[PDB]
Structure formats: structure tokens, C-alpha cells
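Protein chains in written order, with this note's numbering: chain A, 761 to 907; chain B, 761 to 907; chain C, 761 to 907; chain D, 761 to 907.
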């Protein structure tokens, strides 16, 4: 029964080792969870950045392309998707100049560029400058007012 | 034997703490597994997007380059690899205009652009517009029919 | 009581299995923590590299664009942010040639290009060459000295 | 003592639950380690691919830029670093045509393009075609032999 008691004691000490290692597991996996959280945030960051750059290069290439009387191409949205396929694809300036106002706002949202709710006068120009309609004729043309 | 009994009980309570911490490990590592699943999905997303943009810029640069009677360069596939090295590299328009139909379909698949199985007439033009053959002569040239 | 003793021993052996598996958990999660550390370092690396390339392409595109008397666009910083919005956006060369010295240093820091604290004479030219002011007139123009 | 015995057995069964959950931890963290291994491989893949594309676009842009008698820019290596800063930066064709042979080999390695150890005659041309020296004069010029 003595040996039972000492054995008992060692057991409890064994319990303590077990317990502290279990705590080791607890905190280590806590740090792992936090690290994975922050990596996920980092990856979200990188996704936003790649999509941004995509929009940028598509635009700037339409820009040069416009100098040769060549049609422009579609442009992705600040989040990556192709625009709402009900929303008319864009090819030249009068296409814009004929668009509806709500669609103009939709677009302006699609390119992440902020406008004023009252100054219609700058919507068309700023949208042009967003997609890349930049040629000399693109400057000399005059936008029409809405209905 | 009394002390044995109370000791026994404490052991059992100790068991309960052990058990609930073990459950802590279980669910925390479950969330970690799910988070890693997600992250993997996110990274797949980012890979697709980077490859996409790669194709886009290669094309658009061949586009400008075509304006100066300069040869075009090879173009990656929507998934990144170089094309099937048995598939003839592309340098100018007649190269396409001499290609076999099955190879045309192969290409059209390689650039992720959908065509119609019956309208051969638009394959060549749409492939051109995919790689970047855009010059004025590129418009004035007439494609030949297949064999 | 015999059976108690042998049973006791078995449990001790059972304890050893438990212990070694716990060590298995310990070292495996250690390696996981290290692997996540190094992945985080890798991702930081990739972020720096993507931002770098972003700056590069923005610049080089302003470069071509300058050949056609077309205005330049803003440029990101070596770390990604848009410049200090109090810091005047840049459109052409005289804009620089009118800037204050401390702002020049700020910029030069923003583009990660090193200069000399005494040789003011090369600041303006090197900043130009950093953003892309490259045209023939951009070479023939003479910078003004500071106040 | 009866109750001691039954209690003892339940404990043993409790041990079995503990053991199988521990195995649950073992294999689940094994899969996690493998998944992280493979993600690391995937990320290495993505790094190589982004650097590749970087080299590609830098080159192709020097290509167009060459058509206007404009100086070329430095080019990254297949692994991302800037070249050995003791290795002379490249600006035009005669710069190459004056280079040492070992430096030529160094370069050819820097751009991941394979050459023949005996045919010196194609080194210079292929290096040109690697960086982008593409203009009509770039074709009409004749390379000089080594010392």
C-alpha cells in the first residue's frame, strides 16, 4: 500500500507533465490560428492589388490603341468580374454619349472612381478618362446632355 | 480509503478539464482546417487571375508591335503553359490562314474563347483578334477556306 | 491485489504511449509553426515584388505616353500607397522645376532611388528619369535652381 | 473493492477514447503538414511564374521603345534579382558588341536561354533578341568577333 501511494504520487506528477504539454498544444495552435488569420488578410490584400493592376493596364493599353483609330476593348471591374452582361459593352465615345444616367452611375461604380451626385457635367468626361478615350478627337468632341 | 475516494473524485474532475481542453483542440483545429481549405481556394483564384492578366498583356503588346511591320511573339495559354510544342508557333497572318481545322479548334481552346462548331467563317478572324493581328493590312486581308 | 499491480503497470506503459504521442504533437506543431513563419516571409517577399513591378510598368507607360504630348499619370510608391495627398500631383516638367527641396527629397524617397545630400543638381533630372519624363524636349529643357 | 474494479475498467475504456482522439490529432495534423508542403510548392510555382512574366514584359516594352531611337532599360533575371552590379548595364548594340565572352555567357545564363558552347556566332544575336534589340538597324548591324 506504500508503493501504491508513491505510485499514486508519481502518477499525479505525470499528470502535471501531461497537463503542461496540453497547454503547449493549446497556445501553439492558438498562434497558428492567428497566423492563418493574418495570412488570409494578406492574401485578400494581394488579390485586391492584382485586380487593381489588371484594370490599370487594360485601360492604359486602350489608351495607346486609341491613337490609331482602333476600337477599344472591354475593361474589368475593380473587383475582377466582367461587367453586368446586360450593361452595354463600350467601343467608342458616342456609345457613352448615348447612355442612360443610371447606367453611367453603375459604370462609375464599376471603376471605383468617385463622382458628384449633382454635377452630371463631368460624368462623361471622367468615365472617358477612366476607360482611356484619350485621343485628340476624344478631346474635341462635345458630350450631349441627358434626357 | 476515504482519501482514496475523494482523490478518486478529484481525478474525475481533472478528467473533465482534460476532456474539455481536448475538445478545445478538436474544434480549434477544425476551424484551422477550414481556414486552410479556404485559403487554398483563394490562392487558386489568384493563380488563375495572374495567368489571365499575363495572356492579356502579351496580346495587347503584340497589338501595338504589329503597327510597325514587326513580328509577333508567342502567347501563353489561359492556364499558363506554353502551347503544345508540336503546334506551330505563330508569326503572321498567312501562317494562320494555312492552318488545319483541328489545330484551329485546339488554339481556340488554348485562348479560352468560345466559337461555333458550324461557323468556320469566324474562326480565323476571332483567333487573329485573340492574338492581336490588328493592323490595317490585318483587316484588309481575306482568309482562305479550308480543304 | 496482484491484478491491481499488473494493471497498474500496464497503465504506466499506457502512459508512455500517451507521452510519446504527445511529443509527436509537440514537434509536429513546432514544424508547422516554423513552416508558417517561412511562408509569411515568402508572402511578404511576393508583396514587395508585385508592388515593385507595378511602379515599373506605370512609369514605363508614362514614358511612351510622353512622346505624344500627352499628360502623365500619378505613380505609386515603392510600398504601394498613393503619395501623401498633400503632395502635389505631377503632370509635366515645370511642375517639378517649381517644387520645394524638402518635397523633392520626399519624392526621391517615395521612389526608392538614392541621391546625394549635397548634389542638388541631379535631383530634378533623376526624378524625371524616375517618373518617365523622357521626351526630346524633356532632355532639352533646363532645370531651375532652388530658392 | 468491487466498485474499485468497475471504476478501473471504465477508466480503461476512458483511456481508449482518449487514445483514439489522440490518433485523430495525429492523422489530422499529418494531413495539415502535407497540405502545407503542397501549398509551399504551389507558391514557389507562382513566384517563378510572376518573375518570368516580369522579364517578358520588360523585354517586349524595350522592343517597341527601340523603334523610336530611344534608349533601352535594364532587365531583371529569370530569378528576379538585378544583375551582378559589376556587370555592365546595357544601353545599345555596340555595348554588347564590345563585351567579353565570359560576360556573354553570364548574361545568357541570366536570361535562361540556352546556347552552344562552340558556336560563338549566335551568342550576340540571341542575346539581342532576348533583351529586345529589334529595330531595322538592329538587324542591319554586323557583330564583331571576340579577341
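Positions of the beta carbon are idealized from the N, C-alpha and C atoms, including for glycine.
Would you say the region 851 to 869 of chain A touches the region 881 to 889 of chain A, given that touching needs at least three Cβ pairs under 8 Å?
-> yes
Can you tell me whether DSSP reads residue 875/B as helix, strand or coil?
-> Stepping through the second chain from its first residue, residue 875/B is reached at position 115. Three-state result, residue 875/B: coil.
At a Cβ threshold of 8 Å, is residue 851/A touching chain B?
-> For the purposes of this step, residue 851/A is taken as the residue at position 91 of the first chain. Not closer than 8 Å to any Cβ of chain B, the Cβ of residue 851/A fails to qualify, so no.
The alpha helix (DSSP H) spanning residue 832/D covers which residue range?
-> Taking the first residue of the fourth chain as 1, we reach residue 832/D at position 72. Neither: residue 832/D is in no alpha helix (DSSP H) and is coded neither H nor E.
Give the secondary structure of residue 761/A by DSSP, where H, G and I count as helix, E and B as strand, and everything else as coil.
-> As a first step, residue 761/A must be located in the first chain, where it is residue number 1. The answer is coil: DSSP assigns residue 761/A none of H, G, I, E or B.
Starting from residue 887/B and walking both ways along the alpha helix (DSSP H), at which residues does that stretch end?
-> Within the second chain, numbered from 1, the residue matching residue 887/B stands at position 127. Unbroken alpha helix (DSSP H) run through residue 887/B: 883 to 891.
Using the C-alpha atoms, what's the distance from residue 813/A back to residue 825/D?
-> Stepping through the fourth chain from its first residue, residue 825/D is reached at position 65. Stepping through the first chain from its first residue, residue 813/A is reached at position 53. Using only the alpha carbons, I get a separation of about 22 Å.
Just the Cα atoms here: how many angstroms apart are residue 850/C and residue 821/C?
-> Indexing the third chain from 1 puts residue 850/C at position 90. Indexing the third chain from 1 puts residue 821/C at position 61. Their backbone Cα atoms lie some 15 Å apart in a straight line.
Below-8 Å beta-carbon distance, residue 809/D vs any chain B residue = Within the fourth chain, residue 809/D is the residue found at index 49, counting from 1. Closer than 8 Å: yes.
Rounded C-alpha distance that separates residue 841/A from residue 846/D = Here residue 841/A refers to the residue found at position 81 when the first chain is read from its first residue. Here residue 846/D refers to the residue found at position 86 when the fourth chain is read from its first residue. Their Cα atoms are separated by approximately 46 Å.
Could you work out which residue in 834/D, 904/D and 854/D is closest to residue 891/D when comparing CA atoms only?
-> Locating residue 891/D in the fourth chain gives position 131, where the first residue counts as 1. It is 834/D whose Cα lies nearest to the Cα of residue 891/D.
Whole-Å CB distance - residue 853/B paired with residue 893/B, under 8 Å assumed | Position 93 of the second chain, counting from 1, holds the residue named residue 853/B. Position 133 of the second chain, counting from 1, holds the residue named residue 893/B. Indeed they touch by this definition, with Cβ atoms about 5 Å apart.
Verify the CB distance criterion: does residue 894/A have a CB-CB separation below 8 Å to chain C?
-> If you number the first chain from 1, residue 894/A lands on position 134. Answer yes: the Cβ-Cβ gap between residue 894/A and chain C drops below 8 Å somewhere.
Assign residue 811/A to one of two classes, buried (16 or more other C-beta atoms within 10 Å of its C-beta) or exposed (fewer than that).
-> The residue given as residue 811/A occupies position 51 in the first chain. Label assigned to residue 811/A: buried.
Is residue 895/B helix, strand or coil when you go by DSSP?
-> In the second chain, the residue the question calls residue 895/B occupies position 135. DSSP places residue 895/B in coil when its eight states are reduced to three.
For the region 791 to 804 of chain B, which residues have a beta carbon sitting closer than 9 Å to at least one beta carbon of chain D?
-> 792, 793, 796, 797, 799, 800, 803 and 804
Between residue 855/D and chain C, is there a C-beta pair that is closer than 8 Å?
-> Start at 1 with the first residue of the fourth chain, and residue 855/D comes out as number 95. Judged by the 8 Å Cβ criterion, residue 855/D is not in contact with chain C.
Per-residue contacts from residue 823/B into chain A (C-beta, under 7 Å) = For the purposes of this step, residue 823/B is taken as the residue at position 63 of the second chain. Those within 7 Å of residue 823/B in chain A are 825.
Quick one: what's got a C-beta closer than 6 Å to residue 868/C's C-beta in the same chain, skipping five residues either side?
-> Within the third chain, numbered from 1, the residue matching residue 868/C stands at position 108. Hits under 6 Å: 875.
Cβ-Cβ distance between residue 857/A and residue 904/A below 8 Å | By 1-based counting over the first chain, the position of residue 857/A is 97. By 1-based counting over the first chain, the position of residue 904/A is 144. Contact flag set, yes.
Report all residues from its chain with a CB closer than 8 Å to the CB of residue 898/C; omit the five preceding and five following residues, and keep chain order.
-> In the third chain, counting from the first residue as 1, residue 898/C sits at position 138. Once the five neighbours on either side are set aside, the close Cβ partners of residue 898/C are 826, 853 and 888.
Beta-carbon proximity of residue 819/B to residue 782/A, cut-off 8 Å = Position 59 of the second chain, counted from the first residue, corresponds to residue 819/B. Position 22 of the first chain, counted from the first residue, corresponds to residue 782/A. Cβ distance not < 8 Å, so residue 819/B and residue 782/A don't count as in contact.
With residue 868/A as the anchor, note down where its alpha helix (DSSP H) starts and where it stops.
-> For the purposes of this step, residue 868/A is taken as the residue at position 108 of the first chain. Run containing residue 868/A: 861 to 870, per the alpha helix (DSSP H) assignment.
At what residues does the alpha helix (DSSP H) containing residue 857/A begin and finish?
-> Taking the first residue of the first chain as 1, we reach residue 857/A at position 97. Start and end: 853 to 857.
Residues that residue 768/C contacts on chain A, provided the C-beta gap is smaller than 7 Å | Counting from 1 along the third chain, the entry for residue 768/C is found at position 8. Ordered by position in chain A, the residues that pass the 7 Å Cβ test against residue 768/C are 767.
Is residue 788/B closer than 8 Å to residue 793/A when the C-beta atoms are compared?
-> Position 33 of the first chain, counted from the start, is the residue given in the question as residue 793/A. Position 28 of the second chain, counted from the start, is the residue given in the question as residue 788/B. Yes, the Cβ-Cβ distance between residue 793/A and residue 788/B is below 8 Å.
Using beta-carbon positions only, say whether residue 805/B and residue 902/A come within less than 8 Å of one another.
-> Counting from 1 along the second chain, the entry for residue 805/B is found at position 45. Counting from 1 along the first chain, the entry for residue 902/A is found at position 142. No; because the gap between Cβ atoms is not below 8 Å, this pair is not in contact.
Residue 804/B by DSSP, collapsed to three states: which one?
-> Position 44 of the second chain, counted from the start, is the residue given in the question as residue 804/B. The answer is helix: DSSP assigns residue 804/B an H, G or I state.
Below-8 Å beta-carbon distance, residue 820/A vs any chain C residue | Position 60 of the first chain, counted from the first residue, corresponds to residue 820/A. By this cut-off, residue 820/A is an interface position.
Any idea if residue 762/C is buried or exposed, counting beta-carbon neighbours within 10 angstroms, 16 or more meaning buried?
-> As a first step, residue 762/C must be located in the third chain, where it is residue number 2. So residue 762/C counts as exposed.
Roughly how many angstroms lie between the CA atoms of residue 879/C and residue 801/A, to the nearest whole one?
-> Sequence index remark: in the third chain, residue 879/C carries index 119 (1-based). Sequence index remark: in the first chain, residue 801/A carries index 41 (1-based). Each residue's Cα considered, the two are about 43 Å apart.
If you run the structure through DSSP and keep just helix, strand and coil, what is residue 847/A?
-> Working through the first chain from its first residue, we reach residue 847/A at position 87. Three-state result, residue 847/A: coil.
Report the rounded CA-to-CA distance for residue 796/C versus residue 803/C, giving the unit in angstroms.
-> As a first step, residue 796/C is located in the third chain; it is residue number 36 there, counting from the start. As a first step, residue 803/C is located in the third chain; it is residue number 43 there, counting from the start. Looking at the two C-alpha atoms, the distance is approximately 10 Å.
Label residue 872/D either buried or exposed according to how many other C-beta atoms from any shown protein chain fall within 10 Å of its C-beta, with 16 as the threshold for buried.
-> Translated into the one-based positions of the fourth chain, residue 872/D becomes position 112. Exposed, by the Cβ-count rule.
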